[PDB]
Structures are given as structure tokens and as C-alpha cells.
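Read through the structure below, which is laid out as C-alpha cells, and then see the notes.
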Amino acid sequence: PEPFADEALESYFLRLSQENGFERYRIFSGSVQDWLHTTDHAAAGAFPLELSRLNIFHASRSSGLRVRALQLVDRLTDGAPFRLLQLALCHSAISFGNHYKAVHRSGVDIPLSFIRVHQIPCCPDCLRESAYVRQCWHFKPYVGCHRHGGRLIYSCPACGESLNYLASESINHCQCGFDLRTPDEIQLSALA
DNA sequence: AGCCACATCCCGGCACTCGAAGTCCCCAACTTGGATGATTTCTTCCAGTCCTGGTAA
């Protein structure tokens with residue numbers, strides 16, 4: 007699978023597992039963690055399985071060991087040493103005022119508080135063209151979208167069941183639900 | 001190899017600095033020569049009383 011220019015790190019990895027047929031939990035644990043362990047023990051010890059936990063700004067001190075795991079993937083998938091690292095969210099070296107935590111992604115630093123940790127929404131009008139969870143949704147200051155007739159990002163309660171893509175890793179549909187093919198200022202607010 | 005209890009750990013939060021002039025440095029402190037003789041040191045009288053044995057002829 008090739009990465010998209012605007013793709014989240016977790017989206018790419020989910021697609022990769024699935025592309026190789028590693029659809030189930032047990033093989034997700036396996037095709038990921040056990041292979042890493044058998045390369046070297048450190049690539050696995052630094053690598054918890056749950057998806058939310060995988061990104062750097064969720065991590066503690068042993069980041070370099072997690073990076074080594076990214077580097078093993080870079081070899082396995084015929085990559086480049088920074089192909090994935092250009093996508094990851096890391097600890098900024100810049101305080102952003104009053105000792106706040108701030109998070110750095112290839113040139114843009116966004117304060118910790120604007121990261122939309124829970125209830126990621128989606129836009130069916132773009133998902134039907136290329137189905138992968140995209141970046142710029144994880145931002146708190148971002149409702150609606152550019153293009154697509156505007157309107158609202160279709161929000162978490164799709165059908166009497168809260169949605170996201172991390173506690174339940176499907177893109178087109180989630181849990182009990184279906185394939186989701188379901196006021197004129199926010200399109201300016203959208204430009205983050 | 002998978003599941004569960006318990007350790008800590010770091011960010012967001014909170015509170016403090018705290019009134020409000022300075023008061024001199026340094027180096028030296030004395031040598032010598034002698035301390036007196038001649039005499040004497042008290043005497044009279046007195047120094048309480050009564051209670052509180054065991055054992056055998």
C-alpha cells in the first residue's frame with residue numbers, strides 16, 4: 007500500500023495489515039508483534055498492540071526503541087528511513103507558553119489540547135473516493151470541510167452506537183452499522 | 001503464551017520568591033638593681049535531773 011500525502015500513521019498501518027490479509031485480532035497481534043520480537047526483542051517490548059497507544063505522543067521515555075520498530079517496517083516494506091517518520095506526532099521541543107505540552111508533526115506544532123482524542127468523525131463524500139482515515143480530522147478546531155458541498159462532518163452516533171476507528175478498526179462501516187454512504198462560517202474555520 | 005494487581009509516573013494545577021543603601025584595610029607591645037630590724041601572746045569558778053529487761057528462785 008502506498009501512503010497518502012495527508013494520511014495518519016495509524017491509517018496506513020491498519021491498511022497494511024488488512025492488505026496482507028492480517029484481518030483478525032490474533033494475526034494483528036502476530037503479524038505485527040511476534041515478527042518484531044523475532045527480529046529483535048526491543049522492537050516488541052516497546053510495542054503495545056492497541057492502536058491508540060502506538061503513536062509517539064502517547065509514549066513515554068523509550069521512544070528510540072519504538073522508532074527502531076518503525077525502521078524494521080521501512081526495510082520490510084521497501085521504504086526509506088523517514089517515510090513513516092514524516093507522518094508521526096512527536097514531543098515538541100517548544101513549550102508553546104506557560105510550560106504547556108505541544109505536539110510536533112513535520113513542521114507544524116499543535117497544542118496538546120486541540121488533539122481530538124476521542125470520537126473521530128468522517129466525511130462520506132470523500133471516503134467514497136479513497137477509503138482511509140485521513141489527517142485533519144483529529145483536530146478539535148475543525149468542523150465541516152472544504153469542498154463536498156460543505157455541511158458537517160458526519161459525527162460519532164451514526165446509528166445509535168457511538169463510532170470511532172480505533173477501539174473498532176474498520177473504515178467503511180463499524181460494529182453494528184452500515185457502509186457509511188448515509196450556517197456558513199465553519200468552512201473558514203476549516204482552514205487549519 | 002494469555003490474563004490480572006499493583007506499583008509508579010507525568011501533565012495540568014497551585015502556591016511562593018520579595019519591598020527597600022553601604023559602616024576600613026596593615027605592622028610593632030621595654031630593658032638593670034634592691035622587700036628591715038627587737039620586744040611581748042591572761043587570770044577566777046562552774047559541766048543537771050527521770051521513765052523506757054528476761055529468766056528463774
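Numbering-wise, the first sequence is residues 7 to 188, 196 to 205 according to the entry's author numbering. Heads up, the beta-carbon is just placed ideally off N, CA and C, and yes, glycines get one too.
In whole angstroms, what separates the C-alpha of residue i from that of residue j?
i, j, result
"residue 21", "residue 176", "10 Å"
"residue 84", "residue 198", "44 Å"
"residue 68", "residue 54", "12 Å"
"residue 204", "residue 130", "19 Å"
"residue 179", "residue 66", "33 Å"
"residue 25", "residue 165", "28 Å"
"residue 163", "residue 170", "9 Å"
"residue 88", "residue 141", "18 Å"
"residue 151", "residue 158", "7 Å"
"residue 135", "residue 104", "43 Å"
"residue 19", "residue 40", "16 Å"
"residue 188", "residue 30", "27 Å"
Mind checking whether residue i and residue j have CB atoms under 7 Å apart?
i, j, result
"residue 109", "residue 95", "yes"
"residue 49", "residue 75", "yes"
"residue 126", "residue 143", "yes"
"residue 81", "residue 52", "no"
"residue 42", "residue 93", "no"
"residue 5", "residue 128", "Nothing about residue 5 can be reported from this structure: the residues present for the chain run from 7 to 205 only."
"residue 17", "residue 139", "yes"
"residue 78", "residue 44", "no"
"residue 37", "residue 172", "no"
"residue 200", "residue 155", "no"
Just to confirm the assignment, what range does the alpha helix (DSSP H) spanning residue i have?
i, result
"residue 187", "From DSSP, residue 187 is part of no alpha helix (DSSP H); its letter is neither H nor E."
"residue 43", "41 to 45"
"residue 79", "69 to 82"
"residue 34", "31 to 35"
"residue 197", "Looking at the DSSP string, residue 197 is not in any alpha helix (DSSP H), and its letter there is neither H nor E."
"residue 132", "130 to 133"
"residue 167", "Here residue 167 belongs to no alpha helix (DSSP H), and DSSP marks it neither H nor E."
"residue 8", "Counting along the chain, residue 8 falls outside any alpha helix (DSSP H), and DSSP gives it neither H nor E."
Cutting at 7 Å between CB atoms, please list the residues of its own chain near residue i, excluding the five before and the five after it.
i, result
"residue 117", "102, 106, 108"
"residue 28", "34, 37"
Between which residues of its own chain and residue i is the CB-CB distance below 8 Å, once the five residues before and five after are set aside?
i, result
"residue 185", "178, 179"
"residue 62", "69, 72, 94, 95, 96, 97"
"residue 145", "116, 120, 121, 122, 205"
Locate the beta strand (DSSP E) running through residue i, then write down its first and last residues.
i, result
"residue 114", "114 to 117"
"residue 111", "108 to 111"
Only counting the same chain, and skipping five residues up and downstream in sequence, which positions put a Cβ closer than 6 Å to that of residue i?
i, result
"residue 23", "34"
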